[PDB]
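To be precise, the following lines are input_10.pdb, and they hold PDB, C-alpha atoms.
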ATOM      1  CA  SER A  10      92.528   0.612 -38.284
ATOM      2  CA  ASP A  11      96.026   2.033 -38.553
ATOM      3  CA  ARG A  12      97.665  -1.097 -37.158
ATOM      4  CA  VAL A  13      96.153  -3.249 -39.883
ATOM      5  CA  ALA A  14      97.099  -2.953 -43.560
ATOM      6  CA  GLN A  15      97.174  -4.435 -47.044
ATOM      7  CA  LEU A  16      99.593  -3.479 -49.818
ATOM      8  CA  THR A  17      98.659  -4.762 -53.248
ATOM      9  CA  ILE A  18     100.638  -3.992 -56.372
ATOM     10  CA  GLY A  19     101.105  -6.103 -59.483
ATOM     11  CA  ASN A  20     100.420  -9.768 -58.686
ATOM     12  CA  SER A  21     101.603  -9.385 -55.098
ATOM     13  CA  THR A  22      99.826  -8.629 -51.817
ATOM     14  CA  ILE A  23     101.266  -7.960 -48.350
ATOM     15  CA  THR A  24      99.265  -8.018 -45.113
ATOM     16  CA  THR A  25     100.160  -6.891 -41.603
ATOM     17  CA  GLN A  26      98.181  -6.809 -38.378
ATOM     18  CA  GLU A  27     100.682  -4.722 -36.406
ATOM     19  CA  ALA A  28     101.654  -1.739 -38.538
ATOM     20  CA  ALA A  29     102.510   1.802 -37.496
ATOM     21  CA  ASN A  30     101.027   3.716 -40.398
ATOM     22  CA  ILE A  31     102.967   4.417 -43.615
ATOM     23  CA  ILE A  32     105.634   7.046 -44.311
ATOM     24  CA  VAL A  33     105.620   8.833 -47.669
ATOM     25  CA  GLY A  34     109.154  10.162 -47.983
ATOM     26  CA  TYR A  35     109.555  13.926 -48.197
ATOM     27  CA  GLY A  36     105.813  14.076 -48.434
ATOM     28  CA  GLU A  37     105.447  13.076 -52.061
ATOM     29  CA  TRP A  38     104.315  10.103 -54.095
ATOM     30  CA  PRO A  39     106.308   8.569 -56.931
ATOM     31  CA  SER A  40     105.311   9.931 -60.340
ATOM     32  CA  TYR A  41     106.480   9.578 -63.935
ATOM     33  CA  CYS A  42     108.863  12.108 -65.446
ATOM     34  CA  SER A  43     107.073  15.104 -66.992
ATOM     35  CA  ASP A  44     107.644  16.284 -70.556
ATOM     36  CA  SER A  45     109.374  19.445 -69.338
ATOM     37  CA  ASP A  46     111.710  17.787 -66.822
ATOM     38  CA  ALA A  47     112.704  15.106 -69.348
ATOM     39  CA  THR A  48     115.590  15.587 -71.742
ATOM     40  CA  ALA A  49     116.192  12.260 -73.541
ATOM     41  CA  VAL A  50     114.060  12.096 -76.706
ATOM     42  CA  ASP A  51     113.252   8.420 -77.175
ATOM     43  CA  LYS A  52     109.825   7.153 -76.115
ATOM     44  CA  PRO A  53     110.320   5.297 -72.795
ATOM     45  CA  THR A  54     109.040   1.823 -71.974
ATOM     46  CA  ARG A  55     106.853   1.613 -68.861
ATOM     47  CA  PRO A  56     106.415  -2.188 -68.258
ATOM     48  CA  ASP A  57     103.907  -1.570 -65.448
ATOM     49  CA  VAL A  58     102.762  -4.751 -63.599
ATOM     50  CA  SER A  59     105.669  -6.978 -64.610
ATOM     51  CA  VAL A  60     108.200  -4.749 -62.820
ATOM     52  CA  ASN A  61     106.178  -2.735 -60.288
ATOM     53  CA  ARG A  62     105.482  -5.535 -57.805
ATOM     54  CA  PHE A  63     106.851  -6.809 -54.505
ATOM     55  CA  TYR A  64     110.156  -8.669 -54.512
ATOM     56  CA  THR A  65     111.309 -10.414 -51.325
ATOM     57  CA  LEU A  66     115.085 -10.289 -51.584
ATOM     58  CA  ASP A  67     116.775 -11.154 -48.329
ATOM     59  CA  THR A  68     116.502 -12.262 -44.715
ATOM     60  CA  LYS A  69     118.945 -11.414 -41.947
ATOM     61  CA  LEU A  70     119.019 -12.863 -38.455
ATOM     62  CA  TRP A  71     118.687 -10.354 -35.661
ATOM     63  CA  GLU A  72     120.978 -11.204 -32.772
ATOM     64  CA  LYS A  73     121.752  -9.748 -29.399
ATOM     65  CA  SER A  74     125.044  -8.545 -30.862
ATOM     66  CA  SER A  75     123.959  -7.438 -34.373
ATOM     67  CA  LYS A  76     125.347  -4.122 -35.589
ATOM     68  CA  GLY A  77     123.009  -3.321 -38.454
ATOM     69  CA  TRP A  78     122.924  -3.591 -42.243
ATOM     70  CA  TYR A  79     122.365  -1.587 -45.410
ATOM     71  CA  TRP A  80     121.234  -2.263 -48.989
ATOM     72  CA  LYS A  81     121.574   0.001 -52.001
ATOM     73  CA  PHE A  82     118.837   0.940 -54.478
ATOM     74  CA  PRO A  83     118.330   0.074 -57.272
ATOM     75  CA  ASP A  84     121.358  -2.217 -56.863
ATOM     76  CA  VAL A  85     119.405  -4.840 -54.827
ATOM     77  CA  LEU A  86     117.159  -5.492 -57.819
ATOM     78  CA  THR A  87     119.422  -5.155 -60.847
ATOM     79  CA  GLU A  88     119.588  -8.942 -61.230
ATOM     80  CA  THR A  89     116.027  -9.900 -60.328
ATOM     81  CA  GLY A  90     112.960 -10.559 -62.469
ATOM     82  CA  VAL A  91     111.691  -8.467 -65.339
ATOM     83  CA  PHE A  92     112.825  -5.358 -63.484
ATOM     84  CA  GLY A  93     116.453  -6.471 -63.605
ATOM     85  CA  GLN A  94     116.266  -7.315 -67.283
ATOM     86  CA  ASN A  95     114.960  -3.840 -68.061
ATOM     87  CA  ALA A  96     117.675  -2.231 -65.946
ATOM     88  CA  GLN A  97     120.310  -4.171 -67.846
ATOM     89  CA  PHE A  98     118.995  -3.596 -71.384
ATOM     90  CA  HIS A  99     118.483   0.130 -70.838
ATOM     91  CA  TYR A 100     120.912   2.933 -70.174
ATOM     92  CA  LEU A 101     118.304   5.144 -68.490
ATOM     93  CA  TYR A 102     116.120   4.269 -65.530
ATOM     94  CA  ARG A 103     113.945   5.922 -62.902
ATOM     95  CA  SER A 104     111.367   4.736 -60.370
ATOM     96  CA  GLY A 105     110.069   5.163 -56.855
ATOM     97  CA  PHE A 106     109.897   2.390 -54.263
ATOM     98  CA  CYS A 107     107.640   0.913 -51.631
ATOM     99  CA  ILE A 108     109.817  -0.653 -48.952
ATOM    100  CA  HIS A 109     108.338  -3.110 -46.448
ATOM    101  CA  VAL A 110     110.723  -4.409 -43.760
ATOM    102  CA  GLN A 111     109.349  -7.308 -41.716
ATOM    103  CA  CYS A 112     110.214  -8.554 -38.239
ATOM    104  CA  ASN A 113     107.896 -10.223 -35.743
ATOM    105  CA  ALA A 114     108.677 -11.707 -32.334
ATOM    106  CA  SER A 115     106.536 -12.323 -29.241
ATOM    107  CA  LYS A 116     105.020 -10.202 -26.493
ATOM    108  CA  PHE A 117     107.957 -11.403 -24.345
ATOM    109  CA  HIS A 118     110.772 -10.289 -26.679
ATOM    110  CA  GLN A 119     111.998  -6.697 -26.899
ATOM    111  CA  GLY A 120     114.151  -4.463 -29.042
ATOM    112  CA  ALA A 121     113.903  -1.665 -31.566
ATOM    113  CA  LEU A 122     115.163  -1.330 -35.126
ATOM    114  CA  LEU A 123     115.537   2.031 -36.841
ATOM    115  CA  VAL A 124     114.577   1.660 -40.533
ATOM    116  CA  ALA A 125     115.605   4.603 -42.691
ATOM    117  CA  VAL A 126     116.243   5.712 -46.238
ATOM    118  CA  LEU A 127     119.347   7.828 -46.881
ATOM    119  CA  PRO A 128     119.756   9.294 -50.406
ATOM    120  CA  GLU A 129     123.229   9.305 -51.956
ATOM    121  CA  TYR A 130     124.591   7.057 -49.208
ATOM    122  CA  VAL A 131     128.330   7.325 -49.864
ATOM    123  CA  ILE A 132     130.464   4.840 -47.914
ATOM    124  CA  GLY A 133     133.801   5.804 -46.384
ATOM    125  CA  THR A 134     136.692   3.724 -45.025
ATOM    126  CA  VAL A 135     138.591   3.899 -41.732
ATOM    127  CA  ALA A 136     141.622   5.307 -43.593
ATOM    128  CA  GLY A 137     144.015   2.634 -42.301
ATOM    129  CA  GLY A 138     142.987   3.316 -38.700
ATOM    130  CA  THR A 139     145.460   6.170 -38.279
ATOM    131  CA  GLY A 140     143.757   8.228 -40.983
ATOM    132  CA  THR A 141     146.902   8.563 -43.059
ATOM    133  CA  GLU A 142     145.978   5.978 -45.652
ATOM    134  CA  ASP A 143     143.581   7.160 -48.377
ATOM    135  CA  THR A 144     141.800   3.806 -48.811
ATOM    136  CA  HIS A 145     138.532   3.431 -50.688
ATOM    137  CA  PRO A 146     135.686   0.978 -50.304
ATOM    138  CA  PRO A 147     135.665  -1.927 -52.799
ATOM    139  CA  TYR A 148     132.842  -2.499 -55.294
ATOM    140  CA  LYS A 149     131.340  -5.305 -53.167
ATOM    141  CA  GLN A 150     130.941  -2.845 -50.298
ATOM    142  CA  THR A 151     129.467   0.124 -52.183
ATOM    143  CA  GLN A 152     127.024  -2.030 -54.179
ATOM    144  CA  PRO A 153     126.512  -5.177 -52.015
ATOM    145  CA  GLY A 154     123.647  -6.473 -54.115
ATOM    146  CA  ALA A 155     120.748  -8.334 -52.508
ATOM    147  CA  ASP A 156     122.752  -9.674 -49.575
ATOM    148  CA  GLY A 157     123.299  -6.197 -48.298
ATOM    149  CA  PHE A 158     126.292  -5.474 -46.092
ATOM    150  CA  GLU A 159     126.910  -5.273 -42.349
ATOM    151  CA  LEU A 160     127.940  -1.948 -40.833
ATOM    152  CA  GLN A 161     131.448  -1.860 -39.356
ATOM    153  CA  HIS A 162     130.876   1.242 -37.181
ATOM    154  CA  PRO A 163     127.139   1.958 -36.959
ATOM    155  CA  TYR A 164     127.615   4.993 -34.699
ATOM    156  CA  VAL A 165     129.086   6.957 -37.636
ATOM    157  CA  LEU A 166     127.218   5.012 -40.334
ATOM    158  CA  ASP A 167     130.574   4.003 -41.866
ATOM    159  CA  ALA A 168     130.651   7.519 -43.320
ATOM    160  CA  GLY A 169     131.672   9.906 -40.544
ATOM    161  CA  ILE A 170     128.129  11.034 -39.754
ATOM    162  CA  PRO A 171     126.009  10.495 -36.596
ATOM    163  CA  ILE A 172     123.342   7.823 -36.735
ATOM    164  CA  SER A 173     121.703   9.825 -33.931
ATOM    165  CA  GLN A 174     120.559  12.270 -36.629
ATOM    166  CA  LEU A 175     119.482   9.673 -39.193
ATOM    167  CA  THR A 176     115.857  10.345 -38.274
ATOM    168  CA  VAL A 177     116.069  13.520 -40.368
ATOM    169  CA  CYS A 178     115.513  11.025 -43.202
ATOM    170  CA  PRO A 179     112.272   9.175 -44.006
ATOM    171  CA  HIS A 180     112.063   6.428 -41.413
ATOM    172  CA  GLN A 181     110.044   4.204 -39.117
ATOM    173  CA  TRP A 182     110.975   2.080 -36.119
ATOM    174  CA  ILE A 183     110.172  -1.545 -35.502
ATOM    175  CA  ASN A 184     109.691  -1.597 -31.739
ATOM    176  CA  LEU A 185     108.790  -5.215 -31.023
ATOM    177  CA  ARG A 186     106.243  -4.367 -28.325
ATOM    178  CA  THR A 187     104.401  -2.202 -30.860
ATOM    179  CA  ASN A 188     104.706  -3.190 -34.507
ATOM    180  CA  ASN A 189     106.209  -5.915 -36.674
ATOM    181  CA  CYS A 190     107.033  -3.960 -39.812
ATOM    182  CA  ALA A 191     108.019  -0.675 -41.373
ATOM    183  CA  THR A 192     106.617   0.706 -44.616
ATOM    184  CA  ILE A 193     108.270   3.589 -46.438
ATOM    185  CA  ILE A 194     107.333   4.953 -49.843
ATOM    186  CA  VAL A 195     110.088   6.813 -51.650
ATOM    187  CA  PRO A 196     109.775   8.971 -54.789
ATOM    188  CA  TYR A 197     112.592   9.141 -57.357
ATOM    189  CA  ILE A 198     115.412  11.220 -55.868
ATOM    190  CA  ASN A 199     118.172  12.614 -58.078
ATOM    191  CA  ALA A 200     119.381  15.850 -59.665
ATOM    192  CA  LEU A 201     118.698  14.355 -63.111
ATOM    193  CA  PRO A 202     115.380  13.136 -64.572
ATOM    194  CA  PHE A 203     116.769   9.638 -65.382
ATOM    195  CA  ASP A 204     120.072   7.903 -64.604
ATOM    196  CA  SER A 205     121.933   4.583 -64.809
ATOM    197  CA  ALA A 206     120.572   1.850 -62.552
ATOM    198  CA  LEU A 207     124.013   0.281 -62.622
ATOM    199  CA  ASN A 208     126.416   3.141 -61.999
ATOM    200  CA  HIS A 209     124.366   5.147 -59.534
ATOM    201  CA  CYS A 210     122.553   4.128 -56.357
ATOM    202  CA  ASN A 211     119.932   6.724 -55.524
ATOM    203  CA  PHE A 212     119.644   5.799 -51.868
ATOM    204  CA  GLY A 213     120.514   3.281 -49.221
ATOM    205  CA  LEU A 214     118.201   1.399 -46.873
ATOM    206  CA  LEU A 215     119.506   1.129 -43.325
ATOM    207  CA  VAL A 216     118.182  -1.308 -40.708
ATOM    208  CA  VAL A 217     119.990  -0.804 -37.402
ATOM    209  CA  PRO A 218     119.161  -2.034 -33.923
ATOM    210  CA  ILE A 219     119.278   0.927 -31.511
ATOM    211  CA  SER A 220     117.732  -0.928 -28.578
ATOM    212  CA  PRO A 221     119.203  -4.481 -28.598
ATOM    213  CA  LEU A 222     117.155  -7.634 -29.027
ATOM    214  CA  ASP A 223     116.518  -9.471 -25.777
ATOM    215  CA  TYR A 224     114.435 -12.363 -24.444
ATOM    216  CA  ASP A 225     114.670 -15.045 -21.756
ATOM    217  CA  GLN A 226     116.206 -18.502 -22.251
ATOM    218  CA  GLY A 227     113.485 -20.644 -23.785
ATOM    219  CA  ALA A 228     111.804 -18.141 -26.088
ATOM    220  CA  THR A 229     112.358 -18.606 -29.853
ATOM    221  CA  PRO A 230     115.925 -17.248 -30.389
ATOM    222  CA  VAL A 231     115.835 -17.006 -34.186
ATOM    223  CA  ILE A 232     114.309 -13.625 -35.072
ATOM    224  CA  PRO A 233     114.543 -12.944 -38.844
ATOM    225  CA  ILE A 234     114.318  -9.561 -40.531
ATOM    226  CA  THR A 235     113.033  -9.781 -44.097
ATOM    227  CA  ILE A 236     113.312  -7.149 -46.827
ATOM    228  CA  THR A 237     110.523  -6.834 -49.411
ATOM    229  CA  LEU A 238     110.336  -3.961 -51.886
ATOM    230  CA  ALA A 239     108.425  -2.812 -54.961
ATOM    231  CA  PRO A 240     109.452  -0.427 -57.730
ATOM    232  CA  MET A 241     106.807   2.193 -58.497
ATOM    233  CA  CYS A 242     106.298   4.030 -61.793
ATOM    234  CA  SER A 243     109.336   2.416 -63.383
ATOM    235  CA  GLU A 244     110.471   3.983 -66.658
ATOM    236  CA  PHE A 245     113.359   2.921 -68.910
ATOM    237  CA  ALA A 246     114.962   4.431 -72.012
ATOM    238  CA  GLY A 247     118.097   4.223 -74.140
ATOM    239  CA  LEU A 248     117.750   0.631 -75.311
ATOM    240  CA  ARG A 249     120.688  -1.558 -76.458
ATOM    241  CA  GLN A 250     122.203  -4.913 -75.444
ATOM    242  CA  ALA A 251     122.052  -6.151 -71.846
ATOM    243  CA  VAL A 252     124.939  -5.035 -69.607
ATOM    244  CA  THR A 253     125.475  -6.138 -65.989
ATOM    245  CA  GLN A 254     127.870  -3.344 -65.030
TER     246      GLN A 254
ATOM    247  CA  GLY B   1     110.609  57.345-123.204
ATOM    248  CA  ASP B   2     110.527  53.624-124.104
ATOM    249  CA  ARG B   3     108.617  51.814-126.876
ATOM    250  CA  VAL B   4     110.085  48.493-128.159
ATOM    251  CA  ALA B   5     108.601  45.609-126.221
ATOM    252  CA  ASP B   6     111.826  43.939-125.042
ATOM    253  CA  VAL B   7     112.802  47.136-123.198
ATOM    254  CA  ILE B   8     109.414  47.488-121.498
ATOM    255  CA  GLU B   9     109.361  43.871-120.318
ATOM    256  CA  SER B  10     112.997  44.067-119.193
ATOM    257  CA  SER B  11     114.235  43.196-115.699
ATOM    258  CA  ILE B  12     117.502  45.120-116.205
ATOM    259  CA  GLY B  13     117.886  47.326-113.155
ATOM    260  CA  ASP B  14     116.112  45.204-110.495
ATOM    261  CA  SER B  15     117.935  46.190-107.260
ATOM    262  CA  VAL B  16     115.913  44.061-104.843
ATOM    263  CA  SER B  17     117.796  40.829-104.279
ATOM    264  CA  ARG B  18     115.218  38.060-104.020
ATOM    265  CA  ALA B  19     115.975  35.929-100.937
ATOM    266  CA  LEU B  20     114.960  32.249-100.797
ATOM    267  CA  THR B  21     115.172  32.081 -96.999
ATOM    268  CA  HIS B  22     114.280  34.211 -93.979
ATOM    269  CA  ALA B  23     115.233  34.330 -90.294
ATOM    270  CA  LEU B  24     112.914  33.044 -87.578
ATOM    271  CA  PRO B  25     113.037  33.640 -83.849
ATOM    272  CA  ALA B  26     114.803  30.766 -82.063
ATOM    273  CA  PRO B  27     115.547  31.595 -78.388
ATOM    274  CA  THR B  28     115.601  27.943 -77.346
ATOM    275  CA  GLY B  29     116.427  24.584 -78.847
ATOM    276  CA  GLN B  30     113.675  22.913 -80.790
ATOM    277  CA  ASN B  31     111.239  20.650 -78.943
ATOM    278  CA  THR B  32     110.635  16.981 -79.632
ATOM    279  CA  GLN B  33     107.172  15.770 -80.658
ATOM    280  CA  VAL B  34     105.661  12.412 -79.800
ATOM    281  CA  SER B  35     106.034  10.083 -82.796
ATOM    282  CA  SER B  36     104.828   6.570 -83.432
ATOM    283  CA  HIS B  37     105.660   3.742 -85.811
ATOM    284  CA  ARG B  38     105.198   4.332 -89.532
ATOM    285  CA  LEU B  39     105.066   1.364 -91.934
ATOM    286  CA  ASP B  40     104.603   3.168 -95.275
ATOM    287  CA  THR B  41     105.594   2.885 -98.923
ATOM    288  CA  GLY B  42     106.250   6.200-100.699
ATOM    289  CA  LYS B  43     107.196   8.079 -97.512
ATOM    290  CA  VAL B  44     110.961   7.826 -97.010
ATOM    291  CA  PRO B  45     112.590  10.487 -94.678
ATOM    292  CA  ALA B  46     115.777   8.519 -94.097
ATOM    293  CA  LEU B  47     116.813   8.524 -97.762
ATOM    294  CA  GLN B  48     118.682  11.621 -98.973
ATOM    295  CA  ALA B  49     120.711  12.871-101.937
ATOM    296  CA  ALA B  50     123.748  14.698-100.595
TER     297      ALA B  50
END
Any chance you could put this one into C-alpha cells?
Amino acid sequence: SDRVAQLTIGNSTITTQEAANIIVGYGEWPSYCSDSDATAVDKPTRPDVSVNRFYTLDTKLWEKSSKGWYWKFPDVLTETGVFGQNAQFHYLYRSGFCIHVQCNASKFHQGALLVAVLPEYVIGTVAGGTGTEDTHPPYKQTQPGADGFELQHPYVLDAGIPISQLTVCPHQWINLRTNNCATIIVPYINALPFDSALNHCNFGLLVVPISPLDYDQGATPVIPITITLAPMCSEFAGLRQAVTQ
Amino acid sequence: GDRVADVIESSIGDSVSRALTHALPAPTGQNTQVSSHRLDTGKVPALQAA
C-alpha cells in the first residue's frame, strides 16, 4: 500500500509492486510560471499531453565493477518526441520532472544504488593529474545526451565534492532486497523563470552503486538499470526556427 | 472701460499657457496585458504615419 504504485501521465502508465514511496524534491510540486515571476511577454505554448508523458531513454548494465553514471536535464530529452521539437523551436523553456529509475533482480541478489538529483551539476576535470593543467570537460561530457556518461571518480562526483553528502539532495535508494525502483518528482529549479533547454542543464541525475552488486554463479548475471522520465507542466516561449544547439 | 466688441471678446493678455499633456505617476515599468488574435478590417495598429 506504499510498496505498490501506478504513475499515469499523458498516454503512458508505469506500475511497480516494490516501491519505496515517492520523493517530492524540496517539498514542492511542479507548477507553471506565475504572472508576477514571469518577464517575457509573449503568450507561452503549453502542449500538455503530447510532451508531459513518460519517455524511456536508456538502459545501463549494472556490474560488480560499475562506477556509476549521470544524465543531464533537460539535455536527455532535447532530441526526443514532441518535447524535443518544442525545445528546439523555442528559445525559452521550463518544466518539472517525474523521474522513475528501474532495476529488479531476485531475492538472492544484493546491492544498493543511490539515485539522486543534483541541481547545477557542474563537471570538473582532473587538471592533468598534477593539478597544474587547467583542462575543461568537453561538450560530450557536460551534456552526454540520452546515453548519459560514466563517472571517472565517483567518490568526488567528478567535481571535487563528497558523494557521501549527496543525500542532502532529493534522493532514494534502490536496495535490491527492498525495492526495484526509485521515483523522484522535481519542480523547476533555476534563478530565472524560464531558460534555454539547450544551453543550460538545470540538474543532473546520478545513479551510483554504493553497495556493489553481488550474486552466486548461476543466478541471472545481466541486471539492467532503466531510466524513464516525464516532463511536468512544460511551457515554451520565444518561437523561431528549430536549433539543435 | 471697454466697449467695442472686438476688445471685449479679445484673448490678448491670456497668461495661462494651455498644456496638451500632463504627467502621470510611473514608479514601475508598464505591465503587459493578455491579448489574443484579432482578424479585423478597419482596425490597424501596426500602420503609422511618421
Residue 34 (chain B): which residues within 9 Å, counting only C-alpha atoms, same-chain residues fewer than 4 positions away excluded, as a PDB file with C-alpha atoms, keeping the file's coordinate frame?
ATOM      1  CA  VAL A  50     114.060  12.096 -76.706  1.00  0.00           C
ATOM      2  CA  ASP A  51     113.252   8.420 -77.175  1.00  0.00           C
ATOM      3  CA  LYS A  52     109.825   7.153 -76.115  1.00  0.00           C
TER       4      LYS A  52
END
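Here the ChimeraX specification (/A :<10) & /B catches exactly these residues: residues 31, 32, 33, 34, 35 and 36 of chain B.
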Running the PyMOL selection byres ((chain A and resi 146) around 7) on this model by hand, what would come out? Give it as a list in words.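 This file, filtered by the PyMOL selection byres ((chain A and resi 146) around 7), leaves residues 132, 133, 134, 144, 145, 147, 148, 150 and 151 of chain A.
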Using the chain letters and residue numbers of this document, give as a JSON list (two decimals) with C-alpha atoms, in the frame of the given file the residues selected by the PyMOL selection byres ((chain A and resi 97) around 8).
[["chain", "number", "residue", "atom", "x", "y", "z"],
["A", 87, "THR", "CA", 119.42, -5.16, -60.85],
["A", 93, "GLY", "CA", 116.45, -6.47, -63.60],
["A", 94, "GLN", "CA", 116.27, -7.32, -67.28],
["A", 95, "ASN", "CA", 114.96, -3.84, -68.06],
["A", 96, "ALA", "CA", 117.68, -2.23, -65.95],
["A", 98, "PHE", "CA", 119.00, -3.60, -71.38],
["A", 99, "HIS", "CA", 118.48, 0.13, -70.84],
["A", 100, "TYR", "CA", 120.91, 2.93, -70.17],
["A", 207, "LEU", "CA", 124.01, 0.28, -62.62],
["A", 250, "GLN", "CA", 122.20, -4.91, -75.44],
["A", 251, "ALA", "CA", 122.05, -6.15, -71.85],
["A", 252, "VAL", "CA", 124.94, -5.04, -69.61],
["A", 253, "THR", "CA", 125.48, -6.14, -65.99]]
Could you work out how far CA of residue 11 (chain A) lies from CA of residue 31 (chain A), giving the answer in Å with one decimal? 8.9 Å
Find the residues near region 170-186 of chain A: any atom within 9 Å, counting only C-alpha atoms, skip ones fewer than 2 places away on the same chain, and give them as a PyMOL selection string. chain A and resi 29+31-35+110-128+163-168+188-195+220+222
What gap, in Å, lies between CA of residue 49 (chain B) and CA of residue 17 (chain B)? 28.2 Å
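If you look at CA of residue 45 (chain B) and CA of residue 247 (chain A), they are 22.2 Å away from each other.
For the choices A:135, A:142, A:102, A:159, the atom-to-atom distance to residue 53 (chain A) is smallest for A:102 when using only C-alpha atoms.
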Box in all listed atoms of region 1-14 of chain B, axis-aligned, with 6 Å more on each side; write out centre and edge lengths in Å to one decimal as AutoDock Vina command-line options.
--center_x 113.2 --center_y 50.3 --center_z -119.3 --size_x 21.3 --size_y 26.1 --size_z 29.7
As a list in words, please: the residues near region 76-82 of chain A (cut-off 7 Å, all atoms listed in the file, same-chain neighbours under 4 positions excluded). residues 152, 153, 157, 158, 159, 160, 163, 210, 211, 212, 213, 214, 215, 216, 217 and 218 of chain A
For region 11-24 of chain B, supply N, CA, C and O atoms and format the output as a short mmCIF file (atom, residue, chain, number, x, y, z; two decimals), in the frame of the given file.
data_model
loop_
_atom_site.label_atom_id
_atom_site.label_comp_id
_atom_site.auth_asym_id
_atom_site.auth_seq_id
_atom_site.Cartn_x
_atom_site.Cartn_y
_atom_site.Cartn_z
N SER B 11 114.03 43.28 -117.14
CA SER B 11 114.24 43.20 -115.70
C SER B 11 115.59 43.84 -115.36
O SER B 11 116.04 43.80 -114.22
N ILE B 12 116.22 44.44 -116.38
CA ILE B 12 117.50 45.12 -116.20
C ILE B 12 117.25 46.23 -115.20
O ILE B 12 116.30 47.00 -115.35
N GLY B 13 118.07 46.29 -114.16
CA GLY B 13 117.89 47.33 -113.16
C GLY B 13 117.24 46.91 -111.84
O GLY B 13 117.20 47.72 -110.92
N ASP B 14 116.73 45.68 -111.74
CA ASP B 14 116.11 45.20 -110.50
C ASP B 14 117.17 45.18 -109.38
O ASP B 14 118.14 44.40 -109.44
N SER B 15 116.99 46.05 -108.37
CA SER B 15 117.94 46.19 -107.26
C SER B 15 117.57 45.41 -106.01
O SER B 15 118.37 45.34 -105.07
N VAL B 16 116.37 44.84 -105.99
CA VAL B 16 115.91 44.06 -104.84
C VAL B 16 116.34 42.62 -105.02
O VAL B 16 115.82 41.90 -105.87
N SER B 17 117.31 42.20 -104.21
CA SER B 17 117.80 40.83 -104.28
C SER B 17 116.77 39.88 -103.67
O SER B 17 116.48 39.95 -102.47
N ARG B 18 116.20 39.02 -104.50
CA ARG B 18 115.22 38.06 -104.02
C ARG B 18 115.93 37.04 -103.12
O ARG B 18 116.92 36.43 -103.52
N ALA B 19 115.41 36.87 -101.91
CA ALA B 19 115.98 35.93 -100.94
C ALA B 19 115.10 34.68 -100.83
O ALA B 19 113.89 34.78 -100.70
N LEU B 20 115.71 33.50 -100.88
CA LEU B 20 114.96 32.25 -100.80
C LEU B 20 114.68 31.81 -99.36
O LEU B 20 113.88 30.92 -99.14
N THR B 21 115.35 32.44 -98.40
CA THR B 21 115.17 32.08 -97.00
C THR B 21 114.96 33.32 -96.13
O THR B 21 115.22 34.45 -96.55
N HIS B 22 114.48 33.11 -94.91
CA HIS B 22 114.28 34.21 -93.98
C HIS B 22 114.51 33.73 -92.54
O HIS B 22 114.32 32.55 -92.21
N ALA B 23 114.95 34.65 -91.69
CA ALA B 23 115.23 34.33 -90.29
C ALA B 23 113.97 34.17 -89.45
O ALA B 23 112.96 34.83 -89.68
N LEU B 24 114.03 33.28 -88.47
CA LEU B 24 112.91 33.04 -87.58
C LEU B 24 113.43 33.15 -86.17
O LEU B 24 114.61 32.91 -85.91
#
